[PDB]
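Colleague: So the protein sequences, as listed, match chains B and A. First residue of the first sequence? That's 45 in the entry's author numbering, and the numbers climb one at a time after it. First residue of the second sequence? That's 45 in the entry's author numbering, and the numbers climb one at a time after it. Cβ atoms here follow ideal geometry from the backbone N, Cα and C, with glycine treated the same way. Please see the structure below; I have some questions.
There are 2 protein chains.
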Amino acid sequence: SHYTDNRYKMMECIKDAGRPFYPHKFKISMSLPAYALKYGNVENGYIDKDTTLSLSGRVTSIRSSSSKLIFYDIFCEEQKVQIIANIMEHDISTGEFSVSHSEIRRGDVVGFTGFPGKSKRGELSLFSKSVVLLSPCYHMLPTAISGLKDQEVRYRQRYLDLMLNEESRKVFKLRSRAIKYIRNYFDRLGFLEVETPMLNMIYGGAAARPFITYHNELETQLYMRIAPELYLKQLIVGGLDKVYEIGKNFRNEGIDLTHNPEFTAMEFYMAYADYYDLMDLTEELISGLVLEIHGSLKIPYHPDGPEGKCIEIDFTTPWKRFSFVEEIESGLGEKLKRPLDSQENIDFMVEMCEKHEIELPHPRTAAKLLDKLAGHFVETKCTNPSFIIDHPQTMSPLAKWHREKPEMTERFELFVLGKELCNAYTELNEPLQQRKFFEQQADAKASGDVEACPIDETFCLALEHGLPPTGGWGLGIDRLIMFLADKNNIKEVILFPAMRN
Amino acid sequence: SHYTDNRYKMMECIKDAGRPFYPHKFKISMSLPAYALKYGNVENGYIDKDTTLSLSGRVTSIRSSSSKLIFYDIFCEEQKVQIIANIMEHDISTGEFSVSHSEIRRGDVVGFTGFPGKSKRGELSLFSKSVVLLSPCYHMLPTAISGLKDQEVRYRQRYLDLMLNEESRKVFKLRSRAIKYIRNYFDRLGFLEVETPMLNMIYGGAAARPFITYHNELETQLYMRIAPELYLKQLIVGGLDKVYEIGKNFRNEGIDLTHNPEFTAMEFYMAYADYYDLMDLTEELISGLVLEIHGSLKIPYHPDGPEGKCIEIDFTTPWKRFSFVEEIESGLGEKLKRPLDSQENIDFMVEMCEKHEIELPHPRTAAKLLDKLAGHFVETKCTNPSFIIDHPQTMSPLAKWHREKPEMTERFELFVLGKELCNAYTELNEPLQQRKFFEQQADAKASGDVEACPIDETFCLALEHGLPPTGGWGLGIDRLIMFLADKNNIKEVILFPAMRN
Ligand SMILES: N[C@@H](CCCC[NH3+])C(=O)O
Ligand SMILES: N[C@@H](CCCC[NH3+])C(=O)O
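This is how it looks when you write it as structure tokens:
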């Protein structure tokens, strides 16, 4: 803290002496990338004293070869430029040379004015006549993220990570590029991007515990959305035909290294599509995105970090399909009992979970037990992108009954390395069944399933106005970034992730 | 209503009789717009019996001239097509003609197969051979939104508005087009789009009361954001140079025709800009968007609805500037007392609010009093887009002190027709002052100012790492759409606005 208090003392001295104190505006002549572009191929030793330029960035290096010569590195917009400050060139009307430069520290934001060219040793340089302190750094910075107190500083103080660590800047640029690619894919198909409410008197459309809030003037409990699905289907009733939404969902659950209370999701709804159409689209969209980002469909992934084992993920299309129940039964060496939601089958699934050392869910609903079995026996087969298809109705209250398989729905999930990326189905559009599945959901919630949702009467009424046959789909954008950028925890792909206090 | 009950009984009859019941997949040959493009110019009476096509849409009309000849209109993706169903073309493998058509009602989503062409009277038609009920409508629909019970039905059941009313569909395509324009403008300048948290252990960056929630596992209270500003500025400390975010902010306040609990806002931050640069950018961005949508810079506005008076809004640049204090003082006929936040000026502004019958704020802070006076004397002058500039520091805790004007800041608001559209300033980047102004905001909060924010220690520490000279800017997208679309309430430009009950 001595360095910080000393810096406040310096700045007070600068202000009281009438020297530059946080200048409002510094007019650069060009960006540092442009400067490297215009001068990065001059002859060694070239200097143009007929051109005075102004540059600015953050100081990353200060070296004094002598009391008369000082070398700076400044960094801005991914470009480093060296500043050579020779006392012979200094503008005395800005102060004596030693005074001007004694106010500068590594980490400061500074401006320089001078002549362009390259040093005799060949370094792109500005031969400076002056230096302005634009915004001082009051703390001693490390030279790299290795010198941070610990690597959680990167998440709690993300500006330090971005300032010092090119890899972190790269991730969030890639994140923006990937989302651009996705919007363009759907815009070219004639989709309409929409926004639906994040605050509602009800929640639904996913299996998640919601955040609860309160509107004081309405005196009403509200929920933050867990998914936009039910609103988006109303827009298809309304005739908009192809809609998508990219935004935050909120889940009130565990904050570990791979779960964040808010996450970025996309959904789209396409009238007259079924889940087979959506499989084809998923493959085209995601393989095209991987090809765009990586230049091939085979990309590395390091589950235990960059010095650990590497798995090469192959996105070559088409992808493997695993049928939900059949693959469980192949793993068990026994068939599930029918109906899948009978007490007989619930008891059987409990027994199978205990036999295979699968953690039991609470409460022990057929749907939650089926999910545990799928997690053990099927998700574990999904190394390369793989579709798990035809989920039981009992775990898929909004998915339409399978046109051929009793008790199943026209649903798929996309898994990569055993992690869920997409969830999609032929949409249930028959209001009697929809109401019945909502009632079974509400019973699960009353029995202690914090992930079951209440009945939504406004959605049932919308279905009574005629939802066309429709296919809908969701994508977890954060998990997708994790694979594309090869990061093994979600805190790497979210600028300001939640952290335990 | 007997209609809904009867329709449910019809569908149960259909299901039990093995007749088509919510088909999973209907494969259209082409969209109705594509159909009109291909066949819209054939001769009257043309029919191509060598081509069989499948079309689908929602039934908007059923008419007939005998038991043998039925006429439908179907509507889909903004295009109407007439279907001519002659018993002599009926495919009996789908049932008897009279039975197949007895199942169809106005409002149903239906499919047809048949031959393309035009009736002798010149109507684009499909000469059908079959009809499929895809998703029935269980309610009797009006033919236009005028037949709705009330016009709050348009907002509470938006699918009915979208289904019946072309003007509502136009609004939301316009909204998408405008947001697309804004992204492209900033993408071309090299900006990076980012996402920052909507859930925080603190709130800040705007004047608004927040929604409060709770994270159960972390056992900690959270706030929904009122603005992303404090996170976005950390990204500039981090070196990202040019960032923007387009997302929801949340305000826990009154719900009415112009106030929604959530609204769509944009912010951007640009290193090395000042508020003068931001005024020029606002003019360029907004006038170019107006030009893109309207074809000129002079656009109509109907503050009392479409048959009422029409105002012309003139976006020709440069726009009028009003200086905050000077214009208040011109309206008063006398000067405010200095310092503006002295008890003397607080007493004086209370007296002025009383004399001019201005509703007093609570509490009676200098900032809220200054805001009441500016709303009365200055915002009312802002018909055409106009900048109110140089706000007092006492109401601008995050804006940098004005380089020429004591007590003022380098801030502007953009007003159109007396309503705020933008808020922007040269960013305060001096940490001592920033802490002082945060404490002042905390004191307002403790005195009952539900719109003042608590001190953010994480942000103060971020400024201690050096925020470059920076300009930041926010835009209320909903208000913008209201003007661009000539709508006089916010419920018209939000798909699912919050409503009473
Ligand atoms: N709402 C789903 C995504 C879309 C499912 C198909 N309608 C989810 O959160 O997983
Ligand atoms: N946070 C401001 C917009 C940005 C102002 C300039 N930093 C608002 O909500 O009005």
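Expressed to the nearest angstrom, what Euclidean distance is found between the alpha-carbon atoms of residue 329 of chain B and residue 295 of chain B?
Modeller: Translated into positions along the first sequence, residue 329 of chain B becomes position 285. Translated into positions along the first sequence, residue 295 of chain B becomes position 251. Straight-line Cα distance between these residues: approximately 27 Å.
Colleague: Report the neighbours of residue 444 of chain B on chain A: residues whose CB is nearer than 9 Å to its CB, in chain order.
Modeller: Translated into the one-based positions of the first sequence, residue 444 of chain B becomes position 400. The contacting residues are 66 and 68.
Colleague: Is it the case that the Cβ atoms of residue 251 of chain A and residue 286 of chain A are separated by a distance below 8 Å?
Modeller: The sequence position of residue 251 of chain A within the second sequence is 207, counting from 1. The sequence position of residue 286 of chain A within the second sequence is 242, counting from 1. No, these two residues do not count as a Cβ contact at 8 Å.
Colleague: Can you list the residues of chain B that residue 473 of chain A reaches, using a CB-CB cut of under 8 Å?
Modeller: On the second sequence, residue 473 of chain A is found 429 positions in, with the first residue counted as 1. Within chain B, the residues near residue 473 of chain A are 66 and 179.
Colleague: Less than 7 Å between the CB of residue 442 of chain A and some heavy atom of ligand 2, yes or no?
Modeller: Residue numbering aside, residue 442 of chain A sits at position 398 when the second sequence is read from its first letter. Correct: residue 442 of chain A has its Cβ closer than 7 Å to ligand 2.
Colleague: Looking at the secondary structure, which residues open and close the beta strand (DSSP E) in which residue 364 of chain A lies?
Modeller: Within the second sequence, residue 364 of chain A is the residue found at index 320, counting from 1. Here the beta strand (DSSP E) through residue 364 of chain A covers 364 to 367.
Colleague: Between B:540, B:506, B:163 and B:348, which has its C-alpha nearest residue 277 of chain B's C-alpha?
Modeller: Taking the first sequence and counting its residues from 1, one reaches residue 277 of chain B at position 233. Selected option, being the one with the closest Cα: B:506.
Colleague: What first and last residue would you give for the beta strand (DSSP E) that runs through residue 259 of chain A?
Modeller: As a first step, residue 259 of chain A must be located in the second sequence, where it is residue number 215. Note, residue 259 of chain A: beta strand (DSSP E), 256 to 259.
Colleague: Identify the residues that DSSP records as bridge partners of residue 160 of chain B: which are they?
Modeller: For the purposes of this step, residue 160 of chain B is taken as the residue at position 116 of the first sequence. DSSP lists B:170 as partners of residue 160 of chain B.
Colleague: Would you say residue 305 of chain B reaches chain A, if we count a Cβ-Cβ gap shorter than 8 Å as a contact?
Modeller: Along the first sequence, read from residue 1 onward, the residue named residue 305 of chain B stands at position 261. Yes, because at least one Cβ of chain A sits closer than 8 Å to the Cβ of residue 305 of chain B.
Colleague: Starting from the beta carbon of residue 247 of chain B, find every residue of chain A whose beta carbon is closer than 8 Å, and list them in chain order.
Modeller: In the first sequence, residue 247 of chain B corresponds to position 203, counting from 1. Near residue 247 of chain B there are no residues of chain A at all, since even the closest Cβ is about 13 Å away, more than 8 Å.
Colleague: How is residue 247 of chain B classed by DSSP in three states: helix, strand or coil?
Modeller: Taking the first sequence and counting its residues from 1, the one referred to as residue 247 of chain B is at position 203. DSSP places residue 247 of chain B in coil when its eight states are reduced to three.
Colleague: Taking C-beta to C-beta, are residue 380 of chain B and residue 372 of chain B nearer than 8 Å?
Modeller: What you label residue 380 of chain B is simply residue 336 of the first sequence in a count that begins at 1. What you label residue 372 of chain B is simply residue 328 of the first sequence in a count that begins at 1. Contact flag set, yes.
Colleague: Could you round the C-beta distance between residue 76 of chain B and residue 101 of chain B to whole angstroms and report it? I think they count as a contact, below 8 Å.
Modeller: The residue labelled residue 76 of chain B in the question sits at position 32 within the first sequence. The residue labelled residue 101 of chain B in the question sits at position 57 within the first sequence. At roughly 6 Å, the Cβ-Cβ gap stays under 8 Å, so residue 76 of chain B and residue 101 of chain B are in contact.
Colleague: Should the segment 425 to 432 of chain A be regarded as contacting the segment 460 to 473 of chain A, the criterion being three or more beta carbon pairs within less than 8 Å?
Modeller: Yes, the segment 425 to 432 of chain A is in contact with the segment 460 to 473 of chain A.
Colleague: Enumerate, from N- to C-terminal direction, the unbroken beta strand (DSSP E) stretches of 3 or more residues contained entirely within the segment 434 to 486 of chain B.
Modeller: DSSP runs (the beta strand (DSSP E)) wholly in the segment 434 to 486 of chain B: 455 to 460 and 463 to 470.
Colleague: When you compare only the Cα positions, how much space is there between residue 19 of chain A and residue 151 of chain A?
Modeller: Examination of residue 19 of chain A is not possible in this model, given that chain A is present from 45 through 545 alone.
Colleague: Would you please verify whether the beta carbon of residue 438 of chain B is less than 8 Å from any beta carbon of chain A?
Modeller: Along the first sequence, one-based indexing puts residue 438 of chain B at 394. It does not; no Cβ of chain A falls within 8 Å.
Colleague: Please check the pair residue 443 of chain A and residue 453 of chain A, which I expect to be a contact at CB under 8 Å, by giving their CB distance rounded to whole angstroms.
Modeller: On the second sequence, position 399 is the one that residue 443 of chain A refers to. On the second sequence, position 409 is the one that residue 453 of chain A refers to. The Cβ separation is near 4 Å, so the contact holds.
Colleague: Quick one: measure Cβ to Cβ for residue 206 of chain A and residue 200 of chain A, integer angstroms, because I've assumed they're closer than 8 Å.
Modeller: Here the question's residue 206 of chain A lines up with position 162 in the second sequence. Here the question's residue 200 of chain A lines up with position 156 in the second sequence. Residue 206 of chain A to residue 200 of chain A, Cβ: 13 Å. No contact.
Colleague: For residue 57 of chain A, count neighbouring C-beta atoms within 10 Å of its own C-beta (all shown protein chains included) and say buried if the count is 16 or more, exposed if not.
Modeller: Start at 1 with the first residue of the second sequence, and residue 57 of chain A comes out as number 13. It counts as exposed.
Colleague: Taking C-beta pairs closer than 7 Å, name the residues in chain B that residue 241 of chain A reaches, listed in chain order.
Modeller: Taking the first residue of the second sequence as position 1, residue 241 of chain A is located at position 197. 306 and 540, listed in chain order.
Colleague: Taking Cβ-Cβ distances below 8 Å as the criterion, which residues of the segment 83 to 107 of chain A are in contact with chain B?
Modeller: Those would be 100 and 102, in chain order.
Colleague: Excluding the 5 residues preceding and the 5 following residue 306 of chain A in the sequence, name in chain order all residues of the same chain whose CB lies nearer than 6 Å to its CB.
Modeller: Working through the second sequence from its first residue, we reach residue 306 of chain A at position 262. So the list reads 292 and 294, once near-sequence residues are dropped.
Colleague: Give me the subset of the segment 263 to 291 of chain B whose CB atoms are less than 8 Å from a CB atom of chain A, sorted by chain position.
Modeller: Here the close residues are 266, 268, 275, 278, 279, 281, 282, 283, 284, 285 and 291.
Colleague: Starting from the C-beta of residue 361 of chain A, find all residues in its chain whose C-beta is less than 6 Å away, skip the five residues before and the five after it, and write them out in chain order.
Modeller: Residue numbering aside, residue 361 of chain A sits at position 317 when the second sequence is read from its first letter. Closer than 6 Å at Cβ, skipping near neighbours: 327 and 331.
Colleague: Within the 8 Å Cβ cut-off, does residue 53 of chain B reach chain A?
Modeller: Here the question's residue 53 of chain B lines up with position 9 in the first sequence. Chain A, which has no Cβ nearer than 8 Å to the Cβ of residue 53 of chain B, makes this no.
Colleague: Using a 10 Å radius around the Cβ and a threshold of 16 neighbouring Cβ atoms, would you call residue 308 of chain A buried or exposed?
Modeller: The sequence position of residue 308 of chain A within the second sequence is 264, counting from 1. Buried: at least 16 other Cβ atoms inside 10 Å.
Colleague: Tell me whether residue 467 of chain A counts as near ligand 2, meaning its Cβ is closer than 7 Å to at least one heavy atom of that ligand.
Modeller: Sequence index remark: in the second sequence, residue 467 of chain A carries index 423 (1-based). Yes, the Cβ of residue 467 of chain A comes within 7 Å of a heavy atom of ligand 2.
Colleague: Taking the continuous alpha helix (DSSP H) assigned at residue 56 of chain B, which residues delimit it?
Modeller: Numbered from 1 along the first sequence, position 12 holds the residue referred to as residue 56 of chain B. 46 to 60 is the span of the alpha helix (DSSP H), which, as asked, contains residue 56 of chain B.
Colleague: Rounded C-beta distance between residue 475 of chain A and residue 69 of chain B? I'm assuming under 8 Å.
Modeller: For the purposes of this step, residue 475 of chain A is taken as the residue at position 431 of the second sequence. For the purposes of this step, residue 69 of chain B is taken as the residue at position 25 of the first sequence. So it is not a contact: roughly 19 Å between Cβ atoms.
Colleague: Any Cβ of chain B within less than 8 Å of the Cβ of residue 199 of chain A?
Modeller: Taking the second sequence and counting its residues from 1, the one referred to as residue 199 of chain A is at position 155. No, residue 199 of chain A does not count as interfacial toward chain B.
Colleague: Does at least one heavy atom of ligand 1 sit under 7 Å from the Cβ of residue 529 of chain B?
Modeller: One-based indexing of the first sequence puts residue 529 of chain B at position 485. Residue 529 of chain B: no, Cβ never under 7 Å from ligand 1.
Colleague: Per the DSSP calculation, residue 126 of chain B is bridged to which residue(s)?
Modeller: Counted from its first residue, the first sequence places residue 126 of chain B at position 82. Its beta-bridge partners are B:117 and B:169.
Colleague: Does residue 525 of chain B come within less than 8 Å of chain A when only Cβ atoms are used?
Modeller: For the purposes of this step, residue 525 of chain B is taken as the residue at position 481 of the first sequence. Not closer than 8 Å to any Cβ of chain A, the Cβ of residue 525 of chain B fails to qualify, so no.
Colleague: Between residue 518 of chain B and ligand 1, is there a pair consisting of the residue's CB and a ligand heavy atom that are separated by less than 7 Å?
Modeller: The sequence position of residue 518 of chain B within the first sequence is 474, counting from 1. Result yes, Cβ under 7 Å from ligand 1.
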